[PDB]
K.L.:
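Sending over a structure as structure tokens; questions will come in a sec.
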Amino acid sequence: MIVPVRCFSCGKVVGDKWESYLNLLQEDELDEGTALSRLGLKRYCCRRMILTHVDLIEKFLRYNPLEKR
Amino acid sequence: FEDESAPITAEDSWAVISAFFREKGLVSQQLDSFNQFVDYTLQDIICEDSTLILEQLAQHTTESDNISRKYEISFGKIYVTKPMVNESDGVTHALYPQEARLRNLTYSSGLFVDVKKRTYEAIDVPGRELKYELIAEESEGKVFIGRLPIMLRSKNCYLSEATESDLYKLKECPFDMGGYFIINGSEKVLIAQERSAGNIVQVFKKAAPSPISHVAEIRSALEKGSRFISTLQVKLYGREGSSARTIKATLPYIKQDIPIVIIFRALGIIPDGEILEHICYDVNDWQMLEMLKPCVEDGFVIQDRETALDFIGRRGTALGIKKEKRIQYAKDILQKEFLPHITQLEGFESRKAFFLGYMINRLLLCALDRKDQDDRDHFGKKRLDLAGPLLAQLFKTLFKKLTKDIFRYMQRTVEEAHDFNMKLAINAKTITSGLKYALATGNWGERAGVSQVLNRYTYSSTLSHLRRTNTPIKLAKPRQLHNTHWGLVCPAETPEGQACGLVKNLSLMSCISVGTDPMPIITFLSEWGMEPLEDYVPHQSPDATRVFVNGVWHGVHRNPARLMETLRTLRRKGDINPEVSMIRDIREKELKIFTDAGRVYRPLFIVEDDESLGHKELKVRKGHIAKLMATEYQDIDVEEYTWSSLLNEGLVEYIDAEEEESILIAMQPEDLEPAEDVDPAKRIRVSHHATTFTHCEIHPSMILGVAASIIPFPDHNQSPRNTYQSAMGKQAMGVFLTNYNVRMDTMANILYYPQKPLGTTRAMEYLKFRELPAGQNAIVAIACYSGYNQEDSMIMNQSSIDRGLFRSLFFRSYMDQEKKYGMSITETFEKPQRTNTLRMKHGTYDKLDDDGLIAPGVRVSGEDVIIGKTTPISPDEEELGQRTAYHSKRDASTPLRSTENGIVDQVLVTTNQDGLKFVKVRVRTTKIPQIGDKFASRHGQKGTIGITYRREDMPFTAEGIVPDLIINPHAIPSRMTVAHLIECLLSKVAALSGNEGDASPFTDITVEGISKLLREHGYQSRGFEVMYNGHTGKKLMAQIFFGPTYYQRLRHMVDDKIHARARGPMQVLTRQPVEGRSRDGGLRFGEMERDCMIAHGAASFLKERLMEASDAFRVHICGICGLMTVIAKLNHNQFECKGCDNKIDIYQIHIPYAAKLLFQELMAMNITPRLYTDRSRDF
Amino acid sequence: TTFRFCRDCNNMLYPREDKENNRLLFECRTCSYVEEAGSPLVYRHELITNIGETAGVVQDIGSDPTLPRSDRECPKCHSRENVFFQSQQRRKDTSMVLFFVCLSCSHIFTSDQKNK
DNA sequence: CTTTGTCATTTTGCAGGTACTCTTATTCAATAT
RNA sequence: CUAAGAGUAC
DNA sequence: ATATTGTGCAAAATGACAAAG
Ligand SMILES: [Zn+2]
Ligand SMILES: [Zn+2]
Ligand SMILES: [Zn+2]
Ligand SMILES: [Zn+2]
């Protein structure tokens, strides 16, 4: 849905690295492993936390708001 | 690449597959069948029959009115509109599916037909033939005859042409695939019904006791006619040792098995030699002639066509034909009931005689041990009726009902001389209600379960449901996975229950033909040299191939090779519809062509000589792959190159099970096409040592279905584990649709953080599994840690749960309408008051505001009222202690489920079709995993949580990593789930390197390479890690298998199963506890539980269970008659049995109330179960 | 058995005893057509049948892609290539002897040993 | 002449145990008071 | 409430 | 305008029926 705040296994905060991760993938044309290493994700628990995330909230944001102010 | 005509590689075929799934989609068969039905089948149903002629004779007592009238009604073209809804106020507006779903409407569109009412008149002159003329009243005027429900995304739906942005605007998930109907706001899917094909001759050996040894039968049927089933059977009487072996045929509407020769002479073939030529095509086959002599000896007594016709007519079961007209009667039976699929016209007696000779020839071949009896399980002999044909036959019946009603109304009004009105003639409610009833409830009529509620638990669950086939349940073995099921249905996806094998799922690339008119192919055959059957004489053309089209022997050909070559060329260039299947059996010298609907087929690469390279090669080359890649990349300017382009240029072919008998398929191109130190880690493969291939598999992994395509490394698992995972992934919890927030579904479950698998297959990116995942990558350790994961239990990390592992949202929607019990007895949504309401529930009404609905945001618990409704009743009644005329309202509120609780997410208020207000209340709660919840890997390794440990108590590696899950080692060896271990290793490598593991089944990925990559990353090559005990910090003597693994949270949670009952509601009839946990019911103490208690010898406990725990009833009997007919006034202390006239010979007994009911039911059935309290005989 | 039909009405002919010459004589049962019997045999019954094992052989049997190929000697062409298949007599007790068709001369030869 | 055993039909009663959820539907239409 | 049906767990 | 009435075993039982006195 949206990037988890912390890694499930160890508890490292990875919710502040999603935008940096996407920026590294897109702007710098780094492959996933090097981007994950650059962000500081060394244990493969954190690496799977960020690597396998599916950002469904974007799809949710396409529908018009139910209660629009 | 650089070379345009270079051969493709095994990696290139996925491009082809992508193109296929770009043009077809996952539910192509549903939409195709429905579009075929709407475009052509409706018009055929309307035009067939549906010309109501009523000839009102003059009935002239006097010649002054000797005029005979003839009123005819005919139906012209049929118009089907876009889906629209009526309204209480009468305004009609367009209806969209995400209004039908919310308002419980039916996504249906009106049907109109152009009715032409003609009237003819004739002068009624006796003797003179009547001549009818128009009166110039040629009135014509479309009329509404009902509503056809529309399947979503079909050609007649609003969403067919919608783009992604439009779908988002219309509140429709772009991932939704359609292929289902909306009936009363419920999504209904039509399961493909399997049946045996028609117009196919099948020969079967019979059992020893029966006097008939072999039976050759055809289930003849005609698509463009009345669609009636007439079963012809040709039977060979007498066992092998018997001497009088006579062949007899079973004609319809005949009470006896007529000998075959009598039929042949009736059709017009008098000489014995001509009959034998019609049956046996070889003079040298004297065995068949010897076996056939008894039949002609039997029919020697008839030597004339008229005589044989009379013989048949005498046997006629109608028994309403005079002696002279029996001939005509027999003729009629031979013209309109014998082999209907050939023709219903006359002058084709030769064709039917030839077909009968062919059936007898097949039967004799089976009896002469020259061929085996036909396999009933051969999948090419089966057909799948999809939404198209099912709705076709249902609508045919329903429209026949409506037109019969029209004719009856017209006859009644002309007899009674009343005026005629079309609006009072047509009752659109007939068609509308019939279709709505058939789709709303599974029963397909006026079979069961034909239409089912679409499964929306998970995206893959919906995909699997939309491709499901059911076989209604002979001497066959239908449950087995047949050889012919290869590439058409999933080898491992079927329920474990009674439906095992009967319920099947389509392969990924399998499609069902929708049927085409065979006339163009017949014209092609006639033009290309097919000799007509009428002037066919077998002796002058012995080695002639018999050409069949849809089971109709149309003629013979003398050069079948050229005919097959040109037919293949025509189909490959698109001149013949690709769905048409053409089989050439060289040994039997036959050529069959099938164009009918329901045939299941799959696509394959075409292989030709390719003289340039001097060896067989695929027709597809790198240039076509490049064009497909370019088109795909453009979609994500060049000429578009789609799957249809591959089809048209003769690059890929559609093959069904029947044609698949006559081809050779290469498993993979790169290894089997080219003419012929190996890695020991790779699996062993055989070159087949044969180079005559005609086709190549696009990819072997395409033999799997939707659910099996999710399994990582399915070829490294025991097959039952694959079946278990296929069944269990539909229960996986994920995100079923992206618009779940605007749907008021009854139940919905969502993961907080769905994750795509680290080990993923190539086929799952056509299933959108990476976009809508149904699981999470948990760090799993295989260890005997604490003994709390024995016998399939699991240890889950409590700290992982605290941080959001496998957490879920759960939505439940309660619906409530206000109904008109009378013209002014409307129900009212309100907040009922104890002062003036009856039977108000014990829950709190305080959370309702003044419209009778809780407002979103309020926390609700079990038994609290969420919808407040009252119904008016008749006042001025006094009872119950506190019932007065003020209590004119009876409570009809809806409380929240007893066990459930949560936050009211949303409430929706609207009006129904009738215009009455109704509401839907959706309540949201959070399911957090706990002890007893069920989780499973993708390999059938199901298990519940035994216990949860916090992070400090879990074992840890030198890097501080702790597992999310610990599973027992003992689950591995017996089950042989090697794929689980391989997927864990591959996931560890992928997580370390940042790539994605390619866990496709039949790739050349070995554990050796994964181990080498893992070693390069700095870990032990086999996945073992030195772990430390959490409690003491000491090194564990054994190293632990450790790594990420994809797990699904299943729908079975312990909080939805826990249930206990001390005392509660009792059933009204038997005074026993009610059934079900939703009703606070009691547990069944079955028969064999009683048997176990008997074996234990605990009699008092058994009595206590059956009497004090369920139903103990004290009843009175008298000592004279053992009946319970004792009037007992306990307060007055007066007992009396009328009849016996006694008042002191009474006893009371404690018996189960079910026993008292049984004795009373025996008495009501005229039996006296007299009960006596003392012995009258010695033991 | 080599049955024959009447040439007058195309009906079956049946055996008949003769007294003047004591010879077998085939006669029609409806038009009384009479002729001599070519052979004294009038009935054959095969308990163990050998024919039908090679049934379905056609001049284009080699065009079948499902049939397996072989390089065994053709004892009329000495050619390598040929197609082969097992006995077509579907009795459950038949032998597994193979039959071969040369794609050049269309000579059917078996892999049997006792017969040779 | 009636048994007499004998096959070939007719009945004919059955078909694991618990448990959970949801959906629909309760005779249609014409006539007479 | 009753009934029928469908799906499912061991 | 609304109530009222137009399925596959497999054992058991049974019947038909060529031989026997
Ligand atoms: Zn971590
Ligand atoms: Zn009494
Ligand atoms: Zn003759
Ligand atoms: Zn040869």
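Any value given below was found using the heavy atoms of this structure, including those in side chains, with hydrogens, waters and symmetry copies removed. As the structure lists them, so they are numbered: ligands from 1, and atoms in each ligand from 1. Order of the sequence lines fixes the chain letters, A, B, ..., with proteins taken first and strands second; residue numbering starts at 1 for each chain.
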K.L.:
Is the terminal nitrogen or CZ of B/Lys293 (NZ for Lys, CZ for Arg) located under 6.0 angstrom from the six-membered ring centre of C/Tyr43 and within 45° of that ring's axis?
P.N.:
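B/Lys293 over C/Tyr43 ring: no.
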
K.L.:
Tell me the angle that SG of A/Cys46 and SG of A/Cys45 form around the Zn ion (ligand 1), rounded to 10°.
P.N.:
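Taking the Zn ion (ligand 1) as the apex, the two atoms subtend 110°.
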
K.L.:
The Zn ion (ligand 2) as vertex, arms to SG of B/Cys1137 and SG of B/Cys1121: angle to 10°?
P.N.:
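Vertex the Zn ion (ligand 2), arms to SG of B/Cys1137 and SG of B/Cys1121: 120°.
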
K.L.:
Between B/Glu959 and A/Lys42, is there a side-chain N and carboxylate O pair less than 4.0 Å apart?
P.N.:
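Result for this pair is no, no salt bridge flagged.
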
K.L.:
Flag the pair A/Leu41 / A/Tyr21 as yes when at least one side-chain heavy-atom distance between them is below 4.5 Å, and no otherwise.
P.N.:
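Counting from C-beta outward, A/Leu41 and A/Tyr21 never come under 4.5 Å.
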
K.L.:
Rounded to 10°, how many degrees is the angle SG/C/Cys9-the Zn ion (ligand 3)-SG/C/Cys28?
P.N.:
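Taking the Zn ion (ligand 3) as the apex, the two atoms subtend 110°.
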
K.L.:
In terms of heavy-atom contacts, does CD of B/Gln1134 have more than 12 from other residues, nucleotides or ligands at under 6.0 Å?
P.N.:
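Yes, the 6.0 Å shell around CD holds more than 12 heavy atoms from other groups.
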
